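Heads up: the structure comes next, in C-alpha cells.
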There are 2 protein chains.
Amino acid sequence: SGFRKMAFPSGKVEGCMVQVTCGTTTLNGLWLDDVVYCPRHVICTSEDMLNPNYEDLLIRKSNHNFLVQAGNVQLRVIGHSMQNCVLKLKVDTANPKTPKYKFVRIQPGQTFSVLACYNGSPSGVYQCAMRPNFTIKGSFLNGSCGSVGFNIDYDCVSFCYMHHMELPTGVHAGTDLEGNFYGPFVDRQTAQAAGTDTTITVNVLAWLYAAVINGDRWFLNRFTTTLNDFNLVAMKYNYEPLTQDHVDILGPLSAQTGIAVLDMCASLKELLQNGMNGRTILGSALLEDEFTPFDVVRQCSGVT
Amino acid sequence: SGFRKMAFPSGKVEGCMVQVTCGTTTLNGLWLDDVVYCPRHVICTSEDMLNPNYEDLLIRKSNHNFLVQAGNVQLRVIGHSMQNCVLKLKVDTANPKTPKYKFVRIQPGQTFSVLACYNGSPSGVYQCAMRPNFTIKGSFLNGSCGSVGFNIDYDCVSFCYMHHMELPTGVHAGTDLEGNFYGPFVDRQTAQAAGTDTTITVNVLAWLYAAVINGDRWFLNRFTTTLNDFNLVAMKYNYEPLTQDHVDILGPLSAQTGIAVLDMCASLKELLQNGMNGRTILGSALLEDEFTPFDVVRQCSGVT
Ligand SMILES: O=C(Nc1ccc(N(Cc2ccsc2)C(=O)Cn2nnc3ccccc32)cc1)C1CC1
Ligand SMILES: O=C(Nc1ccc(N(Cc2ccsc2)C(=O)Cn2nnc3ccccc32)cc1)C1CC1
C-alpha cells in the first residue's frame, strides 16, 4: 500500500540524452537511431528570440556548426533539417542504447515522466500532466530545453514531449517529437498567456479511488449524483466536464472498490462544495489531478 | 522555474536490479560487483514470518537454493551469508553495469529516491524522506521487497535503503545496505507501531525558501522570531526542534533570497498558527517537509 507521484524508470531515456551546441547556445538533444532531435531555437542568439526567422537563421548553419556530444564523445553530423519546431541532426552513428520507441502526441489530461537534463546530463525525473490548457507545470531552468517527456510500456518508450519554453507565468510549453507545439504557443520570446487551467476531473476521481484502495475513506458519503448534476458543480469549480467515456475508463476502479462512479462523483461534489475541513487524502490537502485512471491501476497492481 | 518532487535518474540503479527466489518466495536483489544483496526474509515461508529463526532457517539452505536471475540470464551462486537482516549472495560474475557506489546509513529527515521493483524489474521511481520515526511513506506492494533507496553525486550511487516490510499502519520499514533496520523495527510479522511522526522543520523552511525563489511569497510577513520562541510553536505542532546547525544549513538559501532564517521561521510560525486560509504554496495546500536544504539548492541550480 501507499500512493506516490511515481515516475517511470528513466534509464532507457538517459541513454538517449546528448548535448547539442550551436554557436554560443547549448541545450539537450535526444539521440534515437542515427538522428538527434532538439529544439530549433538552439540556432537563436539574444537578438533573435524576440522575432526569429528560423528558415533564414538555419540557412547560415551547416552540419559542422552543430556540435553533438554524447558523454565525452563527439558525434559527426552528416545532415540537418527542420521539422516544425525541432531540428533533426543526422549523425553517422546509430545510438547503441536506442530503446524500442514511438513518438506519440498525448491528449490533455494524460500524464508522463520528465527527465530534466542540463548539458546532455540528467539531473532528475518527475511525473507531469499535460494541462487542459496545454502547458505543463514542470521544473526547468535555463539549459533544460530539449529535455523530454515520455511513457513506458514494458520495453517500449513512447516519447510525447520536448521542452522548449517557460512562459512569463512560470508554466512550461513544448512540443511533441514531430516539433508541433502543444497548444497555441510559438517558440518566440513574446507574451503568450496560457488559458484557464481547469482541473482534470477524471484524474481526481481516479485518485479518489486510489485513496479508497489505500485506506483513506473519510470522504465517502451517503449520496449519489447524475452526470448532468455533477457537471453543473464541475463547471462552477473550473473542473473538466465528465463524459460517459470518462465513466467507462473509471470502470475497473469502480469494479475493484465496489463504489459506483456516480457515487464517487457525489463524494467529489461534496468535497468541492465543503472543502477538506483541514483533513488530508493520500497525504494531500487538495484534490490531486495528475494521476490518470491507468496510473492508479498500474501503481495499485505493480506493472513493471 | 517551477518546483517538483524530483527523484534521481534511476538508470544506474536499474542496471543492478535482479530477481532472487528462494523456494516459493521471489523478491528483488541488488547486484553490485559479485554480490547480490536481498532481504533475509526471502528464506521465510507462511508459518515462518510469525516468529522466524533466521539462523535455523538459513541452515537448511544451500547456494543452489537461491535462484538469482538478471534479465533472462541466471547467475551462479558460489556463496551465501547473512549480515544482520540482509543476505549476501556471492555470484561468479561481477555485474558489468555496477556503477561507482557507497553504502550509507542516512539520518532521519534526509531524502532519497526509491526505485520500486517487482520480480527484479523496475516499475517506478519516486522521492522519499526517512521520517523522524524511521519509517518511510512509500508505495510498495507484495513482491517489492529488496527495492532500494539511494542518492547520486555526479557518478557515485550512495545506497541508503532496502525495503523489507509494511507495518499494519501502511507505512514502510527497511534497512541500510549492511542489513541494519532503520528504527526499532524487526523483520517479523508482528504488531510494531511507529512512533510519533514529527514534521521535519529544517525541510519545511528549505521548501519555503524554494517557494520564494519560484515566486510564491504571500506567506512572507513583517515579523521575526528567536530559536526558543519558534521551538515553543514547533513543539505544539509536533515539528522537530530547530537547532543552530539547521540555521547554518539554511544559510545558502537565506543568502540567495535575502530573508534571514529567523524571519522565515516567523512566517512558518504564522502559517502554523493561522493555517493556509485556503491558499497554496508551490501547488501544495500543506507544509511540505520532504525537500532538504540540499535538494532545494540542487533543484534551483541544476546539478547533474
Ligand atoms: O539566450 C539563449 N537562448 C534561449 C533563451 C531563452 C529561451 N526561452 C524562450 C525562447 C523560446 C524560443 S526563442 C526564446 C525559454 O523559455 C527557455 N527556457 N525553458 N525553460 C526555462 C526556464 C528558465 C529560463 C529559461 C527557460 C530559449 C533559448 C542563448 C544562450 C544564449
Ligand atoms: O508470504 C511470503 N513472504 C512475505 C510476506 C510478507 C512480508 N512482509 C512482512 C514480513 C517481514 C519479514 S517476515 C514478514 C512484508 O511486509 C512485505 N511487504 N513489504 N511491503 C509490502 C506491501 C504490501 C504487502 C506486503 C509488503 C514479507 C515476506 C511468501 C511469498 C509467500
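In the C-alpha cells, the first chain shown is A, the next is B, and so on; residue numbers restart at 1 for each chain, and ligands run from 1 in the order shown.
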Residues within 9 Å of residue 208 of chain A, only C-alpha atoms, excluding chain neighbours under 4 positions, as a VMD selection string: chain A and resid 203 to 204 212 to 213 216 to 217 219 264 267 to 268 281 to 282 287 to 288
Would you mind exporting C-alpha atoms of the selected residues as a CSV table (one decimal), in the first residue's frame?
```csv
chain,number,residue,atom,x,y,z
A,203,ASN,CA,-7.9,12.1,-12.8
A,204,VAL,CA,-9.2,13.5,-9.5
A,212,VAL,CA,-10.2,4.3,-1.0
A,213,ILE,CA,-7.9,1.3,-2.1
A,216,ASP,CA,-8.3,6.9,3.1
A,217,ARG,CA,-12.2,6.8,3.1
A,219,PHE,CA,-14.7,11.4,2.2
A,264,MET,CA,-17.7,8.8,-6.2
A,267,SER,CA,-18.2,12.5,-2.8
A,268,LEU,CA,-16.2,14.8,-5.2
A,281,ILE,CA,-6.4,12.5,1.3
A,282,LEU,CA,-3.3,10.4,0.4
A,287,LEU,CA,-7.7,17.3,-4.8
A,288,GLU,CA,-4.8,15.7,-6.9
```
Protein and nucleic residues near ligand 2, 6 Å, only C-alpha atoms and all ligand atoms, as a PyMOL selection string: (chain A and resi 1) or (chain B and resi 25+41+45-46+49+140-142+145+164-166+187-189)
Report the closest atom pair, with its distance in Å rounded to one decimal, for each residue of chain A that has an atom no farther than 7 Å from chain B; count only C-alpha atoms, sort by chain and then rising residue number, and write it as a Markdown table.
```
| residue | atom | partner | partner_atom | distance |
| --- | --- | --- | --- | --- |
| A:1 | CA | B:140 | CA | 5.7 |
| A:2 | CA | B:139 | CA | 4.3 |
| A:3 | CA | B:139 | CA | 5.2 |
| A:4 | CA | B:139 | CA | 5.9 |
| A:5 | CA | B:126 | CA | 6.6 |
| A:6 | CA | B:126 | CA | 5.0 |
| A:7 | CA | B:125 | CA | 5.2 |
| A:8 | CA | B:124 | CA | 4.7 |
| A:9 | CA | B:124 | CA | 5.2 |
| A:10 | CA | B:10 | CA | 5.7 |
| A:11 | CA | B:11 | CA | 3.6 |
| A:14 | CA | B:11 | CA | 6.9 |
| A:118 | CA | B:304 | CA | 6.7 |
| A:121 | CA | B:304 | CA | 5.8 |
| A:122 | CA | B:304 | CA | 5.6 |
| A:123 | CA | B:304 | CA | 4.1 |
| A:124 | CA | B:8 | CA | 4.7 |
| A:125 | CA | B:7 | CA | 5.2 |
| A:126 | CA | B:6 | CA | 5.0 |
| A:137 | CA | B:2 | CA | 6.8 |
| A:138 | CA | B:2 | CA | 5.7 |
| A:139 | CA | B:2 | CA | 4.3 |
| A:140 | CA | B:1 | CA | 5.7 |
| A:141 | CA | B:1 | CA | 5.8 |
| A:170 | CA | B:1 | CA | 6.0 |
| A:285 | CA | B:285 | CA | 5.1 |
| A:286 | CA | B:285 | CA | 5.9 |
| A:302 | CA | B:123 | CA | 6.7 |
| A:303 | CA | B:123 | CA | 6.0 |
| A:304 | CA | B:123 | CA | 4.1 |
```
Neighbour list for residue 250 of chain B as a list in words, cut-off 12 Å, only C-alpha atoms, skip fewer than 6 positions in-chain: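 Counting only the stated atoms, we get residues 201, 202, 203, 204, 205, 206, 207, 208, 209, 210, 242, 243, 244, 256, 257, 258, 259, 260, 261, 262, 264, 265, 292, 293, 294, 295, 296 and 297 of chain B.
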With N, CA, C and O atoms retained, could you export that selection as an mmCIF file, in the first residue's frame?
```
data_model
loop_
_atom_site.group_PDB
_atom_site.id
_atom_site.type_symbol
_atom_site.label_atom_id
_atom_site.label_comp_id
_atom_site.auth_asym_id
_atom_site.auth_seq_id
_atom_site.Cartn_x
_atom_site.Cartn_y
_atom_site.Cartn_z
ATOM 1 N N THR B 201 11.142 20.176 10.374
ATOM 2 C CA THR B 201 11.163 21.636 10.324
ATOM 3 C C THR B 201 12.200 22.241 9.369
ATOM 4 O O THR B 201 11.854 23.149 8.606
ATOM 5 N N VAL B 202 13.455 21.751 9.387
ATOM 6 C CA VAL B 202 14.506 22.315 8.514
ATOM 7 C C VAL B 202 14.099 22.187 7.030
ATOM 8 O O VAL B 202 14.264 23.139 6.268
ATOM 9 N N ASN B 203 13.459 21.069 6.676
ATOM 10 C CA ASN B 203 12.965 20.824 5.302
ATOM 11 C C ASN B 203 11.802 21.724 4.928
ATOM 12 O O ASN B 203 11.719 22.192 3.785
ATOM 13 N N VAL B 204 10.866 21.974 5.855
ATOM 14 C CA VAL B 204 9.733 22.867 5.547
ATOM 15 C C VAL B 204 10.298 24.285 5.241
ATOM 16 O O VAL B 204 9.892 24.924 4.279
ATOM 17 N N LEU B 205 11.286 24.720 6.024
ATOM 18 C CA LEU B 205 11.915 26.031 5.858
ATOM 19 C C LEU B 205 12.618 26.096 4.532
ATOM 20 O O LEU B 205 12.486 27.090 3.832
ATOM 21 N N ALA B 206 13.330 25.009 4.151
ATOM 22 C CA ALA B 206 14.024 24.946 2.869
ATOM 23 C C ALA B 206 13.000 25.053 1.727
ATOM 24 O O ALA B 206 13.209 25.813 0.793
ATOM 25 N N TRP B 207 11.872 24.362 1.849
ATOM 26 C CA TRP B 207 10.776 24.410 0.865
ATOM 27 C C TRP B 207 10.148 25.824 0.778
ATOM 28 O O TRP B 207 9.798 26.285 -0.305
ATOM 29 N N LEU B 208 10.028 26.509 1.902
ATOM 30 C CA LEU B 208 9.535 27.883 1.953
ATOM 31 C C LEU B 208 10.512 28.813 1.197
ATOM 32 O O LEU B 208 10.062 29.728 0.520
ATOM 33 N N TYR B 209 11.840 28.578 1.306
ATOM 34 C CA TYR B 209 12.832 29.340 0.556
ATOM 35 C C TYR B 209 12.668 29.010 -0.941
ATOM 36 O O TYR B 209 12.739 29.916 -1.766
ATOM 37 N N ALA B 210 12.436 27.723 -1.293
ATOM 38 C CA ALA B 210 12.188 27.326 -2.704
ATOM 39 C C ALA B 210 10.969 28.058 -3.249
ATOM 40 O O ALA B 210 10.978 28.491 -4.392
ATOM 41 N N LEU B 242 14.171 23.226 15.984
ATOM 42 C CA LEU B 242 15.186 23.768 15.095
ATOM 43 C C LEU B 242 16.463 24.103 15.901
ATOM 44 O O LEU B 242 16.388 24.748 16.946
ATOM 45 N N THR B 243 17.618 23.676 15.400
ATOM 46 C CA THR B 243 18.903 23.940 16.051
ATOM 47 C C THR B 243 19.720 24.985 15.253
ATOM 48 O O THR B 243 19.340 25.342 14.128
ATOM 49 N N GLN B 244 20.842 25.448 15.814
ATOM 50 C CA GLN B 244 21.739 26.345 15.112
ATOM 51 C C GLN B 244 22.356 25.602 13.897
ATOM 52 O O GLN B 244 22.570 26.235 12.869
ATOM 53 N N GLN B 256 20.887 33.611 -0.752
ATOM 54 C CA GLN B 256 20.291 33.741 -2.078
ATOM 55 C C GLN B 256 19.055 34.638 -2.060
ATOM 56 O O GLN B 256 18.976 35.574 -2.858
ATOM 57 N N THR B 257 18.138 34.425 -1.102
ATOM 58 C CA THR B 257 16.894 35.201 -1.050
ATOM 59 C C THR B 257 16.945 36.517 -0.301
ATOM 60 O O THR B 257 16.031 37.321 -0.439
ATOM 61 N N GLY B 258 17.922 36.682 0.579
ATOM 62 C CA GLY B 258 17.991 37.868 1.420
ATOM 63 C C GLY B 258 16.983 37.853 2.555
ATOM 64 O O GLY B 258 16.713 38.894 3.141
ATOM 65 N N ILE B 259 16.413 36.677 2.889
ATOM 66 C CA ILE B 259 15.471 36.577 4.002
ATOM 67 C C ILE B 259 16.170 35.808 5.096
ATOM 68 O O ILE B 259 16.483 34.625 4.902
ATOM 69 N N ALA B 260 16.435 36.464 6.233
ATOM 70 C CA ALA B 260 17.109 35.860 7.386
ATOM 71 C C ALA B 260 16.343 34.611 7.849
ATOM 72 O O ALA B 260 15.111 34.599 7.781
ATOM 73 N N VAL B 261 17.043 33.548 8.245
ATOM 74 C CA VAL B 261 16.412 32.287 8.678
ATOM 75 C C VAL B 261 15.327 32.500 9.737
ATOM 76 O O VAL B 261 14.235 31.945 9.616
ATOM 77 N N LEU B 262 15.597 33.379 10.732
ATOM 78 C CA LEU B 262 14.620 33.632 11.780
ATOM 79 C C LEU B 262 13.382 34.365 11.273
ATOM 80 O O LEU B 262 12.290 34.122 11.796
ATOM 81 N N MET B 264 12.156 33.792 8.246
ATOM 82 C CA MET B 264 11.412 32.701 7.606
ATOM 83 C C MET B 264 10.721 31.820 8.667
ATOM 84 O O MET B 264 9.611 31.349 8.448
ATOM 85 N N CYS B 265 11.361 31.636 9.822
ATOM 86 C CA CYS B 265 10.786 30.908 10.952
ATOM 87 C C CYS B 265 9.496 31.599 11.426
ATOM 88 O O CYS B 265 8.557 30.920 11.818
ATOM 89 N N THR B 292 15.101 18.491 1.458
ATOM 90 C CA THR B 292 16.154 19.015 2.335
ATOM 91 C C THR B 292 16.675 20.371 1.801
ATOM 92 O O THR B 292 16.447 20.677 0.627
ATOM 93 N N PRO B 293 17.414 21.172 2.590
ATOM 94 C CA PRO B 293 18.023 22.394 2.026
ATOM 95 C C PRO B 293 18.967 22.070 0.852
ATOM 96 O O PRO B 293 19.065 22.863 -0.079
ATOM 97 N N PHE B 294 19.597 20.879 0.852
ATOM 98 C CA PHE B 294 20.489 20.469 -0.239
ATOM 99 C C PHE B 294 19.671 20.238 -1.512
ATOM 100 O O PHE B 294 20.092 20.657 -2.589
ATOM 101 N N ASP B 295 18.494 19.608 -1.389
ATOM 102 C CA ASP B 295 17.608 19.341 -2.537
ATOM 103 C C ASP B 295 17.149 20.630 -3.176
ATOM 104 O O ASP B 295 16.998 20.688 -4.397
ATOM 105 N N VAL B 296 16.830 21.645 -2.351
ATOM 106 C CA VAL B 296 16.312 22.914 -2.845
ATOM 107 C C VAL B 296 17.393 23.601 -3.653
ATOM 108 O O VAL B 296 17.166 23.903 -4.817
ATOM 109 N N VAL B 297 18.596 23.704 -3.097
ATOM 110 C CA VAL B 297 19.744 24.284 -3.785
ATOM 111 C C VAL B 297 20.032 23.530 -5.112
ATOM 112 O O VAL B 297 20.175 24.163 -6.157
#
```
Sel. of strand (DSSP E or B) residues, segment 72-194 of chain A, as a ChimeraX atom specification: /A:73-75,77-83,86-91,100-103,111-118,121-129,136,148-153,156-166,172-175,181
Would you give me, as an mmCIF file with N, CA, C and O atoms, in the first residue's frame, the residues in segment 27-149 of chain B that DSSP reads as alpha helix (DSSP H)?
```
data_model
loop_
_atom_site.group_PDB
_atom_site.id
_atom_site.type_symbol
_atom_site.label_atom_id
_atom_site.label_comp_id
_atom_site.auth_asym_id
_atom_site.auth_seq_id
_atom_site.Cartn_x
_atom_site.Cartn_y
_atom_site.Cartn_z
ATOM 1 N N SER B 46 5.115 -19.097 4.996
ATOM 2 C CA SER B 46 3.969 -18.511 5.688
ATOM 3 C C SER B 46 4.039 -18.758 7.192
ATOM 4 O O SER B 46 3.928 -17.809 7.971
ATOM 5 N N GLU B 47 4.296 -20.008 7.606
ATOM 6 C CA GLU B 47 4.417 -20.333 9.032
ATOM 7 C C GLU B 47 5.779 -19.906 9.625
ATOM 8 O O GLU B 47 6.190 -20.453 10.650
ATOM 9 N N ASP B 48 6.488 -18.963 8.982
ATOM 10 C CA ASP B 48 7.786 -18.513 9.476
ATOM 11 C C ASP B 48 7.740 -17.070 9.870
ATOM 12 O O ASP B 48 8.215 -16.748 10.945
ATOM 13 N N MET B 49 7.139 -16.201 9.028
ATOM 14 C CA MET B 49 7.005 -14.754 9.252
ATOM 15 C C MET B 49 6.564 -14.402 10.670
ATOM 16 O O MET B 49 6.983 -13.380 11.187
ATOM 17 N N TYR B 54 15.908 -16.966 11.768
ATOM 18 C CA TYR B 54 16.682 -16.866 10.547
ATOM 19 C C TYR B 54 17.940 -17.710 10.531
ATOM 20 O O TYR B 54 18.250 -18.242 9.480
ATOM 21 N N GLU B 55 18.649 -17.857 11.662
ATOM 22 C CA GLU B 55 19.847 -18.695 11.694
ATOM 23 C C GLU B 55 19.481 -20.168 11.427
ATOM 24 O O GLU B 55 20.156 -20.842 10.644
ATOM 25 N N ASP B 56 18.407 -20.657 12.071
ATOM 26 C CA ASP B 56 17.948 -22.038 11.907
ATOM 27 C C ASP B 56 17.378 -22.276 10.514
ATOM 28 O O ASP B 56 17.545 -23.365 9.956
ATOM 29 N N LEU B 57 16.705 -21.267 9.950
ATOM 30 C CA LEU B 57 16.103 -21.351 8.620
ATOM 31 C C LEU B 57 17.171 -21.359 7.529
ATOM 32 O O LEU B 57 17.015 -22.040 6.512
ATOM 33 N N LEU B 58 18.228 -20.564 7.719
ATOM 34 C CA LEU B 58 19.299 -20.448 6.747
ATOM 35 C C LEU B 58 20.149 -21.715 6.676
ATOM 36 O O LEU B 58 20.669 -22.020 5.606
ATOM 37 N N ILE B 59 20.242 -22.484 7.788
ATOM 38 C CA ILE B 59 20.964 -23.759 7.884
ATOM 39 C C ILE B 59 20.431 -24.767 6.857
ATOM 40 O O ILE B 59 21.200 -25.562 6.314
#
```
